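Q: Build me a model:
(chains A and B)
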2 protein chains.
Amino acid sequence: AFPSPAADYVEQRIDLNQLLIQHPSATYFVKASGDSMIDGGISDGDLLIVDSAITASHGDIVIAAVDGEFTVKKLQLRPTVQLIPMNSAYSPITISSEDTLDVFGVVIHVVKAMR
Amino acid sequence: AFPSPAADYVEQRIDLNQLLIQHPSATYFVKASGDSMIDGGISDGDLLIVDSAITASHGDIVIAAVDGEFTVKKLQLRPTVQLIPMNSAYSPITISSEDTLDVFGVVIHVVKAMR
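A: Residues are numbered from 1 along each chain as shown, chains lettered A, B, ... in the order given. Sure, structure below:
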């Protein structure tokens, strides 16, 4: 009951799921509290945002998965099976004999909390 | 009955709202497609995440609001009303005569899309 209501602004909305991502349910994330995958952006003080759904490509910062493993790192598996940690222990090393080495998502958005 | 710190590297549930934030509905965000508030993190290619709910403090990267304005930069209003753009056109200049200059949120998490 107003003398002349022009707009009803009492409750807005926020689509966080679509804000940082944009899928119904195909994205993965992990709290960064250490220093084993800083290559992705987790440097003991941030929030990693990976998208588990599409298949990235060798030579890209993606999360690899094997036997239930997960590590962000640009690795090549087509020419040969080799991974290269970037957080700090840079060292190109082979994993297995072409058993099961494939990325789970296709990206890793680093959320740097800046206040 | 297992008092453990955390030990968890999986989450079938996608709580994005709680993932990057942690409130029922008190956070604001804006797409970065230009170069007027890079100080916050918007550099024509990213996603800004501010929390509109608490009152930040002068000398902090927060979003200021006046008469319906929105700017990100460390400004001081207690000693004197002074604003300072940091994106690139730095220019320490006063705003008004202590009319209405106050921050809307209390933080600005920069989400750098790294793929």
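Q: now the helices: where do they sit in chain A?
A: All helices of chain A, identified by DSSP state H, fall at A:16-20.
Q: Could you pick out the residues of it near chain B for me?
A: When proximity is defined by C-beta under 8 Å from any C-beta of the partner chain, chain A lies next to chain B at A:12-14, A:16-17, A:19-21, A:25, A:27-30, A:40-41, A:47, A:49, A:56, A:60-62, A:70, A:106-115. Where you see a C-beta, it was placed from the backbone N, CA and C, and this is true even at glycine.
Q: Of those residues, which belong to strands?
A: If you go by DSSP state E, the residues of chain A next to chain B have A:28-30, A:47, A:49, A:62, A:108-112 in strands.
Q: What sits closest to residue A:113 if chain neighbours are left out?
A: Distance criterion C-beta to C-beta, 6 or more residues apart in numbering or on different chains; nearest residue to residue A:113, sequence neighbours excluded, is residue B:109 at 4.9 Å.
Q: Residue A:83 too?
A: Leaving aside its sequence neighbours, residue A:83 sits nearest to residue A:75 (C-beta to C-beta, 6+ apart; 4.3 Å).
Q: Report the contact partners of the one you found.
A: Residue A:75 sits next to A:58, A:64, A:82-84, A:101 when contact means C-beta atoms under 8 Å, 6 or more residues apart in numbering or on different chains.
Q: How much space separates the residue nearest in space to the middle of chain A from residue A:67?
A: Nearest to the mean C-alpha position of chain A, by C-alpha atoms, centre = their mean, lies residue A:50 at 1.9 Å. Counting by C-beta to C-beta, to the nearest Å, the gap from residue A:50 to residue A:67 is 19 Å.
Q: Same check on residue A:93?
A: Relative to residue A:67, residue A:93 is positioned 17 Å away (C-beta to C-beta).
Q: Selection in PyMOL covering whichever of the contacts of residue A:75 are buried, please.
A: The PyMOL command for the buried members of these (criterion: 16 or more other C-beta atoms under 10 Å in any protein chain shown) is given here:
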select buried, chain A and resi 64+83+101
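Q: Reformat the contacts of residue A:75 as a markdown table; add distance to residue B:36.
A: Shown next, in a markdown table, are the contacts of residue A:75 (distance: C-beta to C-beta, whole Å):
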| residue | distance to residue B:36 |
| --- | --- |
| A:58 | 38 |
| A:64 | 39 |
| A:82 | 44 |
| A:83 | 41 |
| A:84 | 38 |
| A:101 | 44 |
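Q: could you dump stretch A:10-29 to CSV, C-alpha only?
A: Coordinates of the C-alpha atoms in stretch A:10-29 are reproduced here as CSV (Å, rounded to 0.1, in the frame of the first residue of the first chain):
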residue,chain,number,x,y,z
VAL,A,10,13.0,-6.4,-1.4
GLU,A,11,14.7,-9.7,-2.3
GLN,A,12,17.3,-10.1,-5.1
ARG,A,13,19.1,-13.3,-6.2
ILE,A,14,22.6,-14.7,-6.7
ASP,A,15,23.4,-17.7,-9.0
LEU,A,16,26.8,-18.6,-7.5
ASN,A,17,26.7,-22.0,-9.3
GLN,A,18,26.4,-20.0,-12.6
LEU,A,19,28.5,-17.1,-11.3
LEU,A,20,31.9,-18.9,-11.1
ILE,A,21,30.8,-21.9,-13.2
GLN,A,22,28.0,-22.5,-15.7
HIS,A,23,26.9,-26.2,-15.5
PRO,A,24,24.1,-28.1,-13.8
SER,A,25,26.6,-30.3,-11.9
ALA,A,26,29.9,-31.0,-13.6
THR,A,27,32.6,-29.0,-11.7
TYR,A,28,35.0,-29.9,-8.9
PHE,A,29,36.8,-27.7,-6.4
